[PDB]
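1. experimental structure and its sequence below.
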Amino acid sequence: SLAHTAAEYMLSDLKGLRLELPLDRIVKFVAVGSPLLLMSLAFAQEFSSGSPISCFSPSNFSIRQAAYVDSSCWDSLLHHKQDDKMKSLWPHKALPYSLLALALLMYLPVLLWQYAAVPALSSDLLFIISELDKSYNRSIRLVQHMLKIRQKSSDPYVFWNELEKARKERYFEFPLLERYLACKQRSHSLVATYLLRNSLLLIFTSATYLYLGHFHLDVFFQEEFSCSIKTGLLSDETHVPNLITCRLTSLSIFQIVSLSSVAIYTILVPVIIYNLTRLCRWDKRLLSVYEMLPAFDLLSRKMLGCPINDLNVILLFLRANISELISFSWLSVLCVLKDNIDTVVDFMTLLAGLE
Amino acid sequence: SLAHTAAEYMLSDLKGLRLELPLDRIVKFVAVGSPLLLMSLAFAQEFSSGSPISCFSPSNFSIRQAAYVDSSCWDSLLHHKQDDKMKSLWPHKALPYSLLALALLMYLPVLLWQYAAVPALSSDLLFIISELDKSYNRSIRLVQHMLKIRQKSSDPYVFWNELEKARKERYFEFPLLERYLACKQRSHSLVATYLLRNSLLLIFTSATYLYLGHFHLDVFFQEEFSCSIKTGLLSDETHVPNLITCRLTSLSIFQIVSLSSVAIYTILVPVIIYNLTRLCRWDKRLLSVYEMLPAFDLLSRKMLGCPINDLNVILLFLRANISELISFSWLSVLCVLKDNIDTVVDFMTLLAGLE
Amino acid sequence: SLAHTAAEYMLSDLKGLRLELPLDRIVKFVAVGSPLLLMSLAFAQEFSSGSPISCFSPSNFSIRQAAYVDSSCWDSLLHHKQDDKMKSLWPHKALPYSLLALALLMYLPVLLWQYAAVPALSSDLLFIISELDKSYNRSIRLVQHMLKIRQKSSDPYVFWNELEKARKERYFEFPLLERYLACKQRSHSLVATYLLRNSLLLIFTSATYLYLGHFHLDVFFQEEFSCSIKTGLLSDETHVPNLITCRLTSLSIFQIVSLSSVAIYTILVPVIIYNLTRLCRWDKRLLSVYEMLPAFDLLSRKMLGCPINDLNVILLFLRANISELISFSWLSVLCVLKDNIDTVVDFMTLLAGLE
Amino acid sequence: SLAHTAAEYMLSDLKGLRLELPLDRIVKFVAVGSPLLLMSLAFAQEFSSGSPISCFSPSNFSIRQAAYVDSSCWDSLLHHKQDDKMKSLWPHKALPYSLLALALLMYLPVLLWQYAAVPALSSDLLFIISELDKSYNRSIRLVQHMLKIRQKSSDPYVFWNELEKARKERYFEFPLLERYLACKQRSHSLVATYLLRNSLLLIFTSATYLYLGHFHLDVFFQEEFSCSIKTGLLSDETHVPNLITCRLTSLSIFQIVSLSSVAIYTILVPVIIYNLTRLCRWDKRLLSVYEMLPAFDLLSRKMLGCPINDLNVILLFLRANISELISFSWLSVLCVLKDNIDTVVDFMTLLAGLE
Amino acid sequence: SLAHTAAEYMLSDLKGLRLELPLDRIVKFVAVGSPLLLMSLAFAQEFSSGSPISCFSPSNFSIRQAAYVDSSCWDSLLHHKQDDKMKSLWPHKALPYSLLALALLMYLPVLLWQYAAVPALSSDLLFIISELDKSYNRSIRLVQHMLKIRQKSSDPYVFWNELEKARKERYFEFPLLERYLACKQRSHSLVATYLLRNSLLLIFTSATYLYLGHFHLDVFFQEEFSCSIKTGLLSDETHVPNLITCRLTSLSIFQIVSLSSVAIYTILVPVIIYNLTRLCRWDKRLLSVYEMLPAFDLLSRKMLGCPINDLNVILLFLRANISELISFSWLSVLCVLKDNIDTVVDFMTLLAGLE
């Protein structure tokens, strides 16, 4: 079948970065493979093939004449409906092609995301991850002489005033990363790609609904139609002027395909809606631990104004990559600290699991 | 089908160099795979196969006689048109082969680009990238003692006169690269390959238009034609001398293929036009940051006269490779400096992110 | 189809050596894949299959009798030509097999080149490349004390007499490589393989021409022939003694295959002629730079007498491998020196790009 | 087809060792793939398929009756020959299976060579190669102080008497390798595998000849035969008691297959004969250079008595592996010395190309 | 066909361990792939397909009526045998499925061996190999000062009394390995898996024999049978009440499949019997050289009592892995010592080939 090569040509499966969220991957997979799977199911060995159109020719007709009669009407599907208003049954002939066309349209947004946002996002993620990876040996290699002096001191002069200049010395501060984040916050060149990628899917789903409503849902319970042959050089002949009781064999496949196409997209729409709305708010589910690390406090510091910024998408893509191999470490281990108090445990946990 | 093996034989997918721009890759992919996909669609399981030609034989004829009648006219497609001027319907028989021929012609330019310009361009890119990679530890490993002396000095003697001999000493100058660029600027042996590769595509598109206009567009709404059998040893027989009402079954596929072939190339032409026009001007979108680095100033310095040189193509291919793994660094990070002023920030940023 | 597995069994695609010139690769690819592609095109889904031979049986005959009549003549293609001289139409039945036979013959020379010349040529190339790779740190690591003494000297005693003993001392001379080249120059054991590989292709092309001229070109416009059945146990029967108007369905495929087979080889012959003539002359397109390097002067020194030697083939295969990764260096960069004068530039260029 | 999977299941393609000579590889390839290729050619799309047997049923018979008549004789191929001696045409039905059986028999010896001689031969080759690889720095790292003393000496006391004790000192002698070779010379456990592997191929070729002579060559020009149906429950019926003029459709394929099977093996036999006779003599084509190296003289020393020993096969397999990566060196470069004399050049060459 | 995917799903082809003996691999391969190959051969292109059952309908019947008659008896294979005892011919319909079922049963034991014995055996082999690999530098790195003292001594005090305490000192003894072997000797948890894996194959072969004897061998020479149609709603009709002369087309395939199935297993049974009997005796074919090495003497020491222990299987699997890369050394070279005497040679050889 043709829908087999296209499957791995379209929907087939850096070096440490995930540039596609799992929900987006699932949405793309479903929205691309559903029409291909439906097309494969419709016209394969599962349902017996043969002649999609059959006609009840008179017994006087021969085999060749009957074949000509029933083959000159499949490419001219046009019901001479008396219920002389001639109605067309063309979707039955255009059901496969349209499906393939849909498989094209749902692949248009994906390429856009792979051609207008992947390189810049990859560069930003690489730079930010490289800068953040140096933040480990800066809270345990520098702030380590806090409890080493706390025991020979008291409350105010070792943990509420001493821990003020060590935090403001040229080992805790990252000015280049701060300025990079400040400059990227103003930019809006990447959120437009995300908005377009979701809006194109919404528009294509709406167009699919319109196509399935305007053209289908009319020829759906119609399985019989009457055609004519004497509309040309065969008019001057002695035979039936209007063919009688021609029946469509594959109406069940048509109905099943239409129902599945409706159901799949009516299920898929809310997921895309949620993906679009994910960028409408600032995320602070783990800001409590972020506001204490040397380099991670900058990310939580710059959360002001509207959330529609490049910084929002950068943070969203960085969160899914914060567990690669190196940040897949202590950062993922500060889950036991979930309820002054940070005098010991917050630092014994840090100095216990060094490496 | 034949369309399957040829696909991966033709349009199938150093070690760090990109020698094909994404636009050229897309253009080649579309222009090569469109005829293959069309000819696969035309003669696959999507549309029911069988006899492409059907005839209305008299009821006296047997099955074998009717098969002989309808099979001796498919290889002799010739309409005895009374509207005795005999017209030929040969494109219906030559529709697949022609498509395949097109799939060959569009592959001719690509091989040329892979056999007349790839090695020299690869060598030039390798040498230039290797020379430019040494430019990092020459503006921060050498010019580092400007701000280290600026504080113990004033305006004229540390940043407007001192920064004159350090820029003209045997650590800032690259004479070999300068002479290589000067000699390559005069050469014109590589722009000819680009011009030929685009002009061949233009000529082939024009030839496709001429073929689709002269031969098609005439037999397009014609689906019935009358043939003759008594033109040889069968003349001395008692049967119909001129066959009646022979109909072409696959006219819809013909129309769809012609329309798709027209539309795809009418869409593709402007992209190739833009690819041709890309080399008619000098590019200075990032020259502002280029005119300050030690080795990158030479690229911006030699932009004079006509832009039709080997240096233009070399710069075009180098820009797409300036973000590999090592130039995928600080060079891509001087985006925050976009608005004397360079007294601190232009050097603080340089000495902040060393490695 | 059978011609699909044979394609990748025949024409499918050390570790740093190229033992096949691109022209030879193209010639082999075309000459091997053209018959296979023609065979695939002739007998695949592109042209509708069925019965290659059709006959006009009398209406009294049944379906089984007509099938027997039209099936007992395909394996006995023999025209009882009255224009009683019985003519044979056997090529129509032998068109596929012959093609396959050709696809075997054109593969005979290639195996020879892979079994009689590949190992010795690989060994020679490896040894010569290994010896030549040591020539880099012998003109810049040794002759470097020439400009270092030129400034404190004059014309005759530092660059026309001093550069006479440093060139005749045990750092410039390669005696083993010189003797190896001298002994390989006399040998003629490898040029015979090249000559045989080209002459076999010429002979096979001539044989193809003879086969296509003697047997084809006679049954080319003939599409009808009369056969006989009553030539055995069926003689004692009451039916037609000579069958009437049997027609060959696939004449167009025959004509197309013959025309393509003629055209492809008539295009290919000049390329093989040029490949043969490539070895009839000494190549000195880059001898000007070669005669100055320490170890590369020996290659240009031994160009005397007839050019039909093993040294010619060794040089031809070495030139295509002179740009691998290490000779893909300065050697490829002495293109700027193309117009005493070598006093300055020829040495600063060498000592600038060391590594 | 079934012959497609079996191809790569049977004939499909340590880490530095070649345990199969090229001639043996070619012989196995041809003798295994020829029957498979013939079977694929016989019953594929190249020749039109259908009913291998056709019969001329009377016009009174229906389609079902004719099909039953012509289908009840294909599985009962038995000619009631009047030239009442009933002759059997069973090979026409057993042509494919027999071919497959042959494709099994020719694969029997190969497995034997892979199960009774590969491990021991691999171990012996590994040990011998490892011992011989240490022989390089023993004629140039030890004998190097011969010409260093020759110049301060004369003819007898530095090159004809001094070069007697250095050769008999504990750096030139290899006792373990000598004893291993002496013990392996007596053994005969591996030459039996080679003899059996060749004799099985000879016996199978003889059996193929006997099968093609006794059963074929009789039904070769016979294409018509008369069968009977009334030999059971259908005897009490009113129809033809002896069927008339039943013809075999695929006689040409039978003849072509038989001729190709004869020709391929009549070509292959001399190659196997030469492979068998290769072990009947001692090889001394390069003993002249072998008798001078420190460890390689032992191989040439033990060439006495009959040549049917394990040492012969070990040497044969070692010679093809003497050019791997390390012995692919000076050993292969000692070709310039092909015409006291060895005073200088024989050692200048050795000490020139050290590494 | 279904036989293609199941082949590589079933019989498809750590990192240094061989956990399957070659005989077991061959037995599994044959016993799994024989039914698959037979069922592929039975129903593939090699023998022409069509209707497996044919009937001689009366000439009055039409094509549709004859097809209904001959298609309503294939799923109701039941011979109304008059030689009114009705006999059933159901195996002809169940021949493929049964074969597939066999291809499942023969795969049941293999999975067991891969799920109940592979991990423990792999762990034991890894530990034993790791412990034994340290035994090299303990007989030549420790016992080396025997001959170094033998020359300055006599018979009793250097080689029959001195070599008594060096063999009982903390470089020759391995207590952990000795205790591991002692504890594993008592265990019987792994021999049960081997016994079950062989007994399941024996039982399945016996079941195959019973199935081929009870159901086959009765309908083997029977090719004609009479069926009935008037056994339902068609009873009240005017036609033949008992169908006449219905013949089975594919009896030859049935006979060939039965004969091959019998022959393959009657050949295979002795191999499995030998595999079972391999574990009934202690193996001491190389114990003579084993009783002298430092760590290998323990393996030979613990050979007492019944041989049905885990140690037997461990030794069997270790012997096939004693030639990997490191034990593929000197241990495989003590083959020259095959005929006080060990005074020199047994030590000269050991200290000759160190590494």
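-> Received, thanks. Residues are numbered from 1 along each chain as shown, chains lettered A, B, ... in the order given.
2. count of neighbours near residue A:350?
-> Counted with other CB atoms under 10 Å in any protein chain shown, residues neighbouring residue A:350 total 17. No exception for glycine: its C-beta is placed from N, CA and C like everyone else's.
3. ok and the residue in the stretch 1-150 of chain A nearest chain C?
-> residue A:63 (11.4 Å; CB to the nearest CB).
4. need the contact list for the residue lying closest to that residue once chain neighbours are set aside.
-> Distances taken as CB to CB, 6 or more residues apart in numbering or on different chains put residue B:63 closest to residue A:63, at 6.6 Å, once the chain neighbours are dropped. Residue B:63 sits next to A:63-64, C:63 when contact means CB atoms under 8 Å, 6 or more residues apart in numbering or on different chains.
5. so of those, which ones are in helices?
-> A:63-64, C:63 (DSSP state H).
6. closest to chain D among these?
-> Taking CB to the nearest CB as the measure, chain D sits nearest to residue C:63 out of the ones in helices among the contacts of residue B:63, at 6.6 Å.
7. list the buried ones in the longest helix seen in chain A?
-> Of all the segments of type helix in chain A, defined by DSSP H, the longest one is helix A:251-277. Under the neighbour-count criterion of 16 or more other CB atoms under 10 Å in any protein chain shown, helix A:251-277 has A:251, A:253-254, A:257-258, A:261-262, A:264-265, A:268, A:272, A:275-276 buried.
8. dump the residues you listed to JSON lines, plus distance to chain E.
-> What follows is the buried residues of helix A:251-277, written out as JSON lines (distance: CB to the nearest CB, whole Å):
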{"residue": "A:251", "distance to chain E": "25"}
{"residue": "A:253", "distance to chain E": "25"}
{"residue": "A:254", "distance to chain E": "28"}
{"residue": "A:257", "distance to chain E": "28"}
{"residue": "A:258", "distance to chain E": "33"}
{"residue": "A:261", "distance to chain E": "30"}
{"residue": "A:262", "distance to chain E": "34"}
{"residue": "A:264", "distance to chain E": "29"}
{"residue": "A:265", "distance to chain E": "33"}
{"residue": "A:268", "distance to chain E": "32"}
{"residue": "A:272", "distance to chain E": "37"}
{"residue": "A:275", "distance to chain E": "38"}
{"residue": "A:276", "distance to chain E": "42"}
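9. can you redo the ones in helices among the contacts of residue B:63 as CSV with distance to residue A:17?
-> Below are those laid out as CSV (distance: CB to CB, whole Å):
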residue, distance to residue A:17
A:63, 65
A:64, 65
C:63, 69
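10. tell me which of those residues is nearest to chain B?
-> For these, the nearest to chain B is residue A:64 (4.7 Å; CB to the nearest CB).
11. for the closest one, what are its contacts?
-> Going by CB under 8 Å, 6+ apart, residue A:64 touches B:56-57, B:61, B:63, B:66.
12. and the strand or helix carrying residue A:29 with helix A:251-277, angle?
-> In the assignment (DSSP states H and E), residue A:29 maps to helix A:22-42. Relative orientation of helix A:22-42 and helix A:251-277, computed by axes from the mean of the first three to the mean of the last three CA atoms, to 10 degrees: 170 degrees.
13. tell me the buried residues in helix A:22-42?
-> Buried residues in helix A:22-42, counted by 16+ other CB under 10 Å: A:24, A:27-28, A:30-40, A:42.
14. check stretch A:327-346 too.
-> Buried, per 16+ other CB under 10 Å, within stretch A:327-346: A:327, A:330-331, A:334.
15. pull the residues that contact that stretch.
-> Taking CB under 8 Å, 6+ apart as the rule, stretch A:327-346 contacts A:129, A:132-133, A:136, A:147, A:150, A:159, A:289, A:292, A:321-323, A:349-350, A:353.
16. which ones are touching the nearest residue to residue A:172 once chain neighbours are set aside?
-> Excluding the flanking residues, the one nearest residue A:172 by CB to CB, 6+ apart is residue A:294, at 5.0 Å. For residue A:294, the contacting residues are A:135, A:138-139, A:142, A:172, A:174, by CB under 8 Å, 6+ apart.
17. roughly how far apart are residue A:294 and residue A:169?
-> Distance, residue A:294 to residue A:169, using CB to CB, to the nearest Å: 11 Å.
18. quick check: neighbours shared by these two?
-> In contact with both residue A:294 and residue A:169: no residue, using CB under 8 Å, 6+ apart.
19. residues from chain A in reach of chain E?
-> Taking CB under 8 Å from any CB of the partner chain, no part of chain A reaches chain E.
20. strands along chain A, start to end?
-> A:53-55, A:78-80, A:86-88, A:224-225, A:246-248 (DSSP state E).
21. mind giving me the packing neighbours of the shortest one?
-> The one in question is strand A:224-225. strand A:246-248 (3 or more CB pairs under 8 Å, 6 or more residues apart in numbering or on different chains; DSSP states H and E).
22. what sits up against the strand it packs on?
-> With contact meaning CB under 8 Å, 6+ apart, strand A:246-248 is reached by A:52-56, A:70, A:73, A:89, A:92, A:222-227.
23. buried residues, that strand. List them.
-> A:246, A:248.
24. now the contacts of residue A:294: which count as buried?
-> Buried by 16+ other CB under 10 Å: A:135, A:138-139, A:172, A:174, out of the contacts of residue A:294.
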